[PDB]
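Peer 1: Okay, handing you the structure first.
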Amino acid sequence: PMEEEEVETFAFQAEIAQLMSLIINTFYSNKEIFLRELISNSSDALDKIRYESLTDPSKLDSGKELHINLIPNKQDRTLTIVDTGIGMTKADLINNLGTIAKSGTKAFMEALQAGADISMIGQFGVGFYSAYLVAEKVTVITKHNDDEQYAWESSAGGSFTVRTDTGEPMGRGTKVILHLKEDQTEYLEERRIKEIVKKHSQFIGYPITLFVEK
Ligand SMILES: Nc1ncnc2c1ncn2[C@@H]1O[C@H](COP(=O)(O)OP(=O)(O)O)[C@@H](O)[C@H]1O
Ligand SMILES: [Mg+2]
């Protein structure tokens, strides 16, 4: 039986839209930091679960390990970062992923104009959009205990959609899927991934596993 999904489209906040064109339309060295940003966001989500214990012991009764999986698919040209963190409600995606102003956006854009390293992006409050250094389209699937499963997705161009995901259930947590641009396939190689997690993500307080296709 055919399933029905409601799809809502939203504008990026003006400055975030602008930071996004800048990220996509300019060359930057050191684009590898995108993974560091996605891992540290997964790692934060995992911390939330740890402390969510204290606000209601209920969350103690979960079986899932707290961890991060990296999954390259060369057939598809995707890189997926999966965590079992706290996930996000519909409201959270809309508010946290593109609609609401961050104070550091304009500062970041001026800094890059004066030639700062793209690596500074996390300290300006806008770490998430580093994904657009390597990917031409990002999908975020997420499931929070308070809510149903939602997919967020953007190819930039000024807006994003949120819909109910009636696909594969994922359980609590967040999956970030990057459709890599054609020039950026190095980041599907096992050795390159291990190199950059070694260099930039060495003090994450949770297990990271990399799945490699035999
Ligand atoms: N894997 C994730 N799990 C839960 N929430 C996430 C995840 N990735 C991003 N977010 C949400 O998106 C927001 C934006 O993240 P980011 O752009 O890196 O800024 P910051 O991490 O400094 O808040 C986060 O504050 C978080 O609420
Ligand atoms: Mg962040």
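Residues in the structure tokens are numbered from 1 in each chain, the chains being A, B, ... in the order shown, and ligands are numbered from 1 in the order shown.
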Determine which residues of region 53-161 of chain A DSSP labels as strand (DSSP E) from the backbone of this structure, then write them out as an NGL selection string.
Peer 2: :A and (68-73 or 78-83 or 135-143 or 149-154 or 159-161)
Peer 1: I need the chosen residues saved as a compact mmCIF listing (two decimals), in the first residue's frame, with N, CA, C and O atoms.
Peer 2:
```
# COMPACT_ATOMS: atom_id res chain seq x y z
N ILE A 68 29.93 5.94 16.97
CA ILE A 68 29.91 6.55 15.65
C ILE A 68 30.41 5.52 14.63
O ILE A 68 31.48 4.91 14.84
N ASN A 69 29.65 5.31 13.53
CA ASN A 69 30.09 4.51 12.39
C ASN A 69 30.27 5.41 11.16
O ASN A 69 29.37 6.21 10.84
N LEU A 70 31.41 5.26 10.48
CA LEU A 70 31.70 5.90 9.20
C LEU A 70 31.49 4.87 8.08
O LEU A 70 32.02 3.78 8.15
N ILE A 71 30.68 5.18 7.05
CA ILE A 71 30.39 4.15 6.05
C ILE A 71 30.50 4.76 4.65
O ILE A 71 29.55 5.31 4.10
N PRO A 72 31.65 4.58 3.98
CA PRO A 72 31.77 4.94 2.57
C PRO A 72 31.15 3.91 1.61
O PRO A 72 31.12 2.72 1.87
N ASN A 73 30.48 4.39 0.55
CA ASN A 73 29.96 3.49 -0.45
C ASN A 73 30.47 4.01 -1.78
O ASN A 73 30.00 5.06 -2.21
N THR A 78 28.71 7.95 -1.84
CA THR A 78 28.29 8.55 -0.59
C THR A 78 29.23 8.23 0.58
O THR A 78 29.88 7.19 0.59
N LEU A 79 29.22 9.12 1.58
CA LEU A 79 29.84 8.93 2.87
C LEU A 79 28.76 9.21 3.91
O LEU A 79 28.16 10.27 3.88
N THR A 80 28.48 8.24 4.78
CA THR A 80 27.49 8.32 5.83
C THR A 80 28.20 8.25 7.17
O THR A 80 29.08 7.40 7.36
N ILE A 81 27.90 9.23 8.02
CA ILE A 81 28.30 9.27 9.43
C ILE A 81 27.05 8.95 10.24
O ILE A 81 26.08 9.71 10.13
N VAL A 82 27.06 7.86 11.00
CA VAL A 82 25.93 7.44 11.80
C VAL A 82 26.29 7.56 13.28
O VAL A 82 27.33 7.00 13.73
N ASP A 83 25.42 8.16 14.08
CA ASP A 83 25.66 8.01 15.50
C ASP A 83 24.41 7.48 16.23
O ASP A 83 23.29 7.58 15.71
N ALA A 135 30.41 17.88 -0.54
CA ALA A 135 29.22 17.18 -0.98
C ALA A 135 28.45 18.18 -1.81
O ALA A 135 28.38 19.35 -1.45
N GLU A 136 27.76 17.71 -2.85
CA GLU A 136 26.84 18.63 -3.52
C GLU A 136 25.40 18.52 -2.96
O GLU A 136 24.59 19.39 -3.24
N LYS A 137 25.06 17.44 -2.23
CA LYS A 137 23.75 17.27 -1.60
C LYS A 137 23.91 16.52 -0.27
O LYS A 137 24.63 15.54 -0.22
N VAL A 138 23.27 17.03 0.80
CA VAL A 138 23.34 16.42 2.13
C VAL A 138 21.93 16.02 2.55
O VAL A 138 21.02 16.82 2.33
N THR A 139 21.76 14.79 3.07
CA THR A 139 20.51 14.34 3.70
C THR A 139 20.81 13.96 5.16
O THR A 139 21.81 13.33 5.46
N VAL A 140 19.94 14.36 6.07
CA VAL A 140 20.09 14.05 7.47
C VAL A 140 18.82 13.29 7.84
O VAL A 140 17.75 13.80 7.53
N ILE A 141 18.97 12.07 8.34
CA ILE A 141 17.88 11.27 8.84
C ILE A 141 18.02 11.24 10.34
O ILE A 141 19.07 10.96 10.88
N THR A 142 16.95 11.47 11.05
CA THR A 142 17.14 11.55 12.48
C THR A 142 15.87 11.04 13.16
O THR A 142 14.77 11.11 12.61
N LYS A 143 16.06 10.56 14.38
CA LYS A 143 14.98 10.03 15.18
C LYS A 143 15.30 10.28 16.64
O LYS A 143 16.33 9.83 17.17
N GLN A 149 10.57 9.78 12.81
CA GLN A 149 11.76 9.88 12.00
C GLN A 149 11.57 10.96 10.95
O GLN A 149 10.55 10.98 10.28
N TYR A 150 12.59 11.81 10.78
CA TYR A 150 12.50 12.88 9.81
C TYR A 150 13.74 12.90 8.95
O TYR A 150 14.81 12.52 9.43
N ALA A 151 13.55 13.28 7.68
CA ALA A 151 14.65 13.47 6.75
C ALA A 151 14.69 14.96 6.43
O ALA A 151 13.63 15.56 6.22
N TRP A 152 15.89 15.53 6.54
CA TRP A 152 16.20 16.87 6.11
C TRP A 152 17.11 16.72 4.92
O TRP A 152 17.86 15.75 4.82
N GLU A 153 17.03 17.67 3.98
CA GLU A 153 17.85 17.50 2.82
C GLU A 153 18.01 18.84 2.12
O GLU A 153 17.05 19.60 1.98
N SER A 154 19.25 19.08 1.62
CA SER A 154 19.47 20.26 0.83
C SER A 154 20.55 20.02 -0.22
O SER A 154 21.60 19.45 0.08
N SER A 159 17.35 26.87 -0.07
CA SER A 159 16.37 26.25 0.81
C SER A 159 16.67 24.78 1.12
O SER A 159 17.61 24.15 0.60
N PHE A 160 15.85 24.25 2.03
CA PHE A 160 15.94 22.89 2.50
C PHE A 160 14.53 22.34 2.70
O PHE A 160 13.63 23.10 2.98
N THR A 161 14.37 21.01 2.59
CA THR A 161 13.10 20.39 2.96
C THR A 161 13.29 19.49 4.18
O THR A 161 14.39 18.96 4.43
```
Peer 1: All residues within 10 Å of ligand 2 are required, counting only C-alpha atoms and all ligand atoms; please report them as a PyMOL selection string.
Peer 2: chain A and resi 36-45+121-130
Peer 1: Point out the residue among A:156, A:101, A:193, A:11 with the least atom-to-atom distance to ligand 1, counting only C-alpha atoms and all ligand atoms.
Peer 2: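 Closest candidate: A:101.
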Peer 1: Nearest to ligand 1 among A:158, A:1, A:173, A:63, with distances taken over only C-alpha atoms and all ligand atoms: which residue is it?
Peer 2: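 With only C-alpha atoms and all ligand atoms as the atom set, the closest residue is A:173.
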Peer 1: In terms of the shortest atom-to-atom distance over only C-alpha atoms, which of A:67, A:172, A:163, A:199 is closest to residue 94 (chain A)?
Peer 2: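 Looking at the shortest contact to residue 94 (chain A), the residue is A:163.
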Peer 1: Report as a list in words all protein, DNA and RNA residues lying within 12 Å of residue 183 (chain A), evaluated on only C-alpha atoms, omitting residues in the same chain fewer than 2 positions from it.
Peer 2: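 Residues meeting the cut-off are residues 31, 77, 133, 134, 135, 136, 179, 180, 181, 185, 186, 187 and 188 of chain A.
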Peer 1: Would you mind listing what lies within 12 Å of residue 15 (chain A) as a list in words, with only C-alpha atoms counted and same-chain residues fewer than 4 positions away left out?
Peer 2: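 So the residues in contact are residues 11, 19, 20, 21, 22, 98, 99, 100, 101, 102, 103, 104, 105, 106, 107, 108, 109, 110, 126 and 158 of chain A.
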Peer 1: Might you pull out every residue within 12 Å of residue 145 (chain A), with only C-alpha atoms counted and same-chain residues fewer than 4 positions away left off, and present them as a short mmCIF file (atom, residue, chain, number, x, y, z; two decimals) with N, CA and C atoms, in the first residue's frame?
Peer 2:
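Output contents, as saved in around27.cif:
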```cif
data_model
loop_
_atom_site.label_atom_id
_atom_site.label_comp_id
_atom_site.auth_asym_id
_atom_site.auth_seq_id
_atom_site.Cartn_x
_atom_site.Cartn_y
_atom_site.Cartn_z
N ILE A 49 22.98 12.27 25.31
CA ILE A 49 22.34 11.07 25.79
C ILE A 49 22.89 10.76 27.17
N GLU A 52 21.23 12.77 29.47
CA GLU A 52 19.77 12.75 29.47
C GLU A 52 19.30 11.76 30.53
N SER A 58 14.54 6.94 32.89
CA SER A 58 13.91 6.18 31.81
C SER A 58 14.91 5.81 30.72
N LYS A 59 15.75 6.77 30.28
CA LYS A 59 16.69 6.57 29.17
C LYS A 59 17.83 5.59 29.52
N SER A 62 17.87 1.71 27.83
CA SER A 62 18.24 1.48 26.44
C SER A 62 19.41 0.49 26.33
N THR A 84 24.54 7.00 17.48
CA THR A 84 23.33 6.68 18.24
C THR A 84 23.08 7.71 19.34
N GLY A 85 23.21 9.00 19.03
CA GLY A 85 23.03 10.08 19.98
C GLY A 85 21.55 10.39 20.16
N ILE A 86 21.32 11.60 20.61
CA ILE A 86 20.01 11.95 21.11
C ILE A 86 19.04 12.18 19.95
N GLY A 87 19.55 12.47 18.74
CA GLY A 87 18.74 12.76 17.56
C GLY A 87 18.02 14.11 17.68
N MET A 88 17.15 14.45 16.71
CA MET A 88 16.52 15.77 16.71
C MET A 88 15.05 15.59 16.36
N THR A 89 14.18 16.35 17.03
CA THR A 89 12.77 16.44 16.66
C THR A 89 12.61 17.30 15.39
N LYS A 90 11.40 17.33 14.80
CA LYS A 90 11.05 18.19 13.67
C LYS A 90 11.38 19.66 13.94
N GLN A 149 10.57 9.78 12.81
CA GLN A 149 11.76 9.88 12.00
C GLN A 149 11.57 10.96 10.95
N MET A 170 15.58 3.82 11.87
CA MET A 170 17.00 3.85 12.15
C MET A 170 17.23 3.65 13.64
N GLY A 171 16.17 3.79 14.45
CA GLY A 171 16.30 3.93 15.89
C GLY A 171 16.92 5.28 16.27
N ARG A 172 17.03 5.54 17.58
CA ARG A 172 17.46 6.82 18.11
C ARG A 172 18.80 7.22 17.45
N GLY A 173 18.94 8.51 17.13
CA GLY A 173 20.22 8.94 16.62
C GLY A 173 20.06 9.63 15.26
N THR A 174 21.22 9.83 14.64
CA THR A 174 21.30 10.69 13.47
C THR A 174 22.25 10.07 12.44
#
```
Peer 1: Using only C-alpha atoms, find the one residue out of A:76, A:212, A:93, A:53 that sits nearest to residue 8 (chain A).
Peer 2: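 That would be A:93, the residue with the smallest distance to residue 8 (chain A).
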Peer 1: List every residue of chain A that DSSP, applied to the backbone of this structure, assigns to alpha helix (DSSP H), and report them as a PyMOL selection string.
Peer 2: chain A and resi 14-25+33-55+90-94+105-113+190-200
Peer 1: Within 10 Å of residue 197 (chain A), counting only C-alpha atoms, which residues qualify if same-chain residues fewer than 2 places away don't, as a list in words?
Peer 2: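 Once the adjacent positions are removed, what remains is residues 32, 33, 35, 36, 39, 192, 193, 194, 195, 199, 200, 201, 202, 203, 204 and 208 of chain A.
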Peer 1: Pick from A:162, A:132, A:147, A:209: nearest to residue 28 (chain A), with only C-alpha atoms counted?
Peer 2: A:132
